[PDB]
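Enquirer: Got a structure for you, questions after.
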Number of protein chains: 2
Amino acid sequence: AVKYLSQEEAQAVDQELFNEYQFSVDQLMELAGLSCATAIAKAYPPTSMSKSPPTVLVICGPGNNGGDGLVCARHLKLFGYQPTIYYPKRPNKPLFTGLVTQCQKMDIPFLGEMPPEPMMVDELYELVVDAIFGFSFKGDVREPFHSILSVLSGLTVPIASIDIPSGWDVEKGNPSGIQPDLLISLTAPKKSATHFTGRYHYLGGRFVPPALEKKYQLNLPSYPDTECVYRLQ
Amino acid sequence: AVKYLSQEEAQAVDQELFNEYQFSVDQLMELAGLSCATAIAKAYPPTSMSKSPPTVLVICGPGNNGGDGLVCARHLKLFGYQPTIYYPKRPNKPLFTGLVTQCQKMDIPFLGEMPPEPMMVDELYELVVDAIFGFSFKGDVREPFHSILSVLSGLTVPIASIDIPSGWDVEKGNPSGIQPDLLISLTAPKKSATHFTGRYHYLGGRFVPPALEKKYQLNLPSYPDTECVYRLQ
C-alpha cells in the first residue's frame, strides 16, 4: 500500500523538498497544478460533458493551495475547458501577482463575487475545483471562506479537491464537511484521505526524488510511462 | 502549415511571454524541460533500447538552453532513464544553482570532463542530448564548446537537440554542423528547422496563450488531449 502522511510528515517532506533539494516554490507549483489539470481531464474529459467547451469554476484560497489552483486553471484552458476563477484573498507576492496576470491575459475571468446560490453555480459551472485550503490549515474557517464552503456543500455538480478537501481536519477529516467526487493527493496522500468516499482518487506531483521517497517509506506507485498522475484503488 | 520564426520573431515572442504575460523563467523552463523529456521518451522509449535502464548524456550550455537541459535530465530520470550531465560553464544565479542541486540529490551525476572520444561517448551513452546553445546564439563558438561539438560530430548514437541544433546559424543552419536525429522545437519552430533532416521533429512548450499565438499567426497544431508534445510531418 502507499503511505498516508501525518501533518508532521507532510510538513517534513515539503520542507525537505525546498531546503534539502532546493526546488523553488514555482517549480513544484507548476508541476502540481499540471497534475491537477490532468487528473481532471482524465476523470471528466471534455468530450464526455454536455457543454462544448465545458465550464469549470476554480476557487482559490489564500496560500499555496490557491496557487496550485491558478496553475490548474491555466492548464485546463489549454486542455480545452473554459475555466472561471474566484480568488478573493490574494497575497501580494510576485509569485501570485504573476500567476494572476497569466490567467488574465489568457482570458480566464476572475469573478468579483461568488454566485450566492448553489443553483447558480450548478447552472453555470459543470465542475468546481476546490483549491482553498491544503495541509497547513488549522482552526475555524473565517470569512469569506466559511460561506463559500457553505455554498459548496449545497452543490449538485462534482467537486474536485486539491490535496485535501478544504474544511476537513488534515488528519481526522470532517463528517459534515464538503464531500468531493475527485481528490488529487499531491506528493503523497494525507491521513484525511482514508475518510474519502468519492469516485476518483488520483495521485499527483511526480517529482519525488527516489531518496526522499525511500527515507519516508512512501511506497509510491509506478506512474505509467510519461504520465504525471496515477489513479488509486 | 505551422509558422517558422525568425530570430527577431523568436525574441519578440519570448519577450512577450515574460513581460506582457509575466511568466517567470522557471515556469517556462520547467514546462520546456518536461516537453523535451517527453519527446525523448516518445521517440526512444526505454523498453525499446538495449540497456536497462537506458543511459543518456545531457550536455548543457551556459544559458537557458542549458537550463532546459537540466530540467530535462531530471524528468528523464523519473521516466526511467539513467542520465548523466555535463555542464562545464555554469552561470552563478539561483535558478541555475537550484537546478544543479536538484539533479545532484537525485543522484544524477555531473561529469568533470567530456569523454574525449566519440567511441567512448558511444559505449557509455545510448542517447545524447544537445542542450548547449539555443536561438540567441551568434558568432564563433568558443571553448570548451568548439571541441565538444567536434566530438558530437563524430558520434554514432542519436543526438536530440533542444530548440536548435547547437552550432547552426539560427536562421540559415549549418551544412557541416551536427546532424541530430530528434529536434524538439520549443514554442514554435525556428527557420533553421527547414534544414532539418533527422527522423523526429517534435513540437514542445504547450504554454502558448491563444492571444499570443493569434498575434504572431503561429498556426500551432492541436496537441492531443493532455499531451505536452506533438510530432510534426
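Our numbering is plain: 1 for the first residue shown, then up by one each step along the chain.
So this one's X-ray crystallography, 2.5 Å, going by the header.
The backbone N, Cα and C atoms fix where each Cβ goes, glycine too.
Here Swiss-Prot flags A:10-220 as domain 'YjeF N-terminal'. Residues annotated as (6S)-NADPHX binding site in Swiss-Prot: A:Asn64, A:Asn65, A:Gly66, A:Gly67, A:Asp68, A:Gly134, A:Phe135, A:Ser136, A:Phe137, A:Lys138, A:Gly139, A:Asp140, A:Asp163. Feature annotation from Swiss-Prot assigns K(+) binding site to A:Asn65, A:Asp130, A:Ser166. Annotated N6-succinyllysine per Swiss-Prot: A:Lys89, in sequence order.
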Enquirer: At 10 angstroms around each C-beta, which of the binding-site residues A:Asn64, A:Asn65, A:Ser166 has the fewest other C-beta atoms nearby?
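Expert: With the binding-site residues A:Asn64, A:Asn65, A:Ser166, fewest surrounding Cβ atoms within 10 Å: A:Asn64.
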Enquirer: For a quick check of understanding: among the binding-site residues A:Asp68, A:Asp130, A:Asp163, which residue's Cβ has the most other Cβ atoms within 10 Å?
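Expert: Compared across A:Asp68, A:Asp130, A:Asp163, the most Cβ atoms within 10 Å surround A:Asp68.
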Enquirer: Considering Cα atoms only, can you say which of A:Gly66, A:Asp68, A:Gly139, A:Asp163 is the nearest neighbour of A:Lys89 (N6-succinyllysine) among these binding-site residues?
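Expert: Nearest listed residue in space: A:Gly66.
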Enquirer: What subset of the binding-site residues A:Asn65, A:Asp130, A:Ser166 lies within 10 angstroms of A:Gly139 ((6S)-NADPHX binding site) at the C-alpha level?
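Expert: The binding-site residues passing the 10 Å Cα test: none.
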Enquirer: Given a separation of at least six residues and a C-beta threshold under 8 Å, show me what packs close to A:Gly66 ((6S)-NADPHX binding site) in the same chain.
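Expert: For A:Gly66 ((6S)-NADPHX binding site), the qualifying residues are A:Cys60, A:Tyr87, A:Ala131, A:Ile132.
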Enquirer: For A:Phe137 ((6S)-NADPHX binding site), list the number of other Cβ atoms lying within 10 Å of its Cβ atom.
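Expert: Excluding its own Cβ, the number within 10 Å is 19.
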Enquirer: Determine the Cβ neighbour count for A:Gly139 ((6S)-NADPHX binding site): the number of other Cβ atoms within 10 Å of its Cβ.
Expert: 5
Enquirer: I'd like the Cβ neighbour count for A:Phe135 ((6S)-NADPHX binding site), meaning other Cβ atoms within 10 Å of its Cβ, all protein chains included.
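Expert: The answer is 22 other Cβ atoms.
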Enquirer: With an 8 Å cut-off on Cβ distance to the A:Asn65, A:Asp130, A:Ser166 Cβ center, who else from the chain surrounds the K(+) site?
Expert: A:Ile59, A:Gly61, A:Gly66, A:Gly69, A:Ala131, A:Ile132, A:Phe133, A:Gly134, A:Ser161, A:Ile162, A:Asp163, A:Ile164, A:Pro165
Enquirer: Looking at the binding-site residues listed here (A:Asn64, A:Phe137, A:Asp163), whose Cα lies nearest to that of A:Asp130 (K(+) binding site)?
Expert: A:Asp163
Enquirer: Can you tell me how far the Cα of A:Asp163 ((6S)-NADPHX binding site) sits from the Cα of A:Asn65 (K(+) binding site), in Å?
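Expert: So the Cα of A:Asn65 (K(+) binding site) lies 8 Å away from that of A:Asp163 ((6S)-NADPHX binding site).
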Enquirer: Looking only at C-alpha atoms, tell me how far A:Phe135 ((6S)-NADPHX binding site) is from A:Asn65 (K(+) binding site), rounded to the nearest Å.
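Expert: Spelling it out, the Cα of A:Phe135 ((6S)-NADPHX binding site) and the Cα of A:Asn65 (K(+) binding site) are 9 Å apart.
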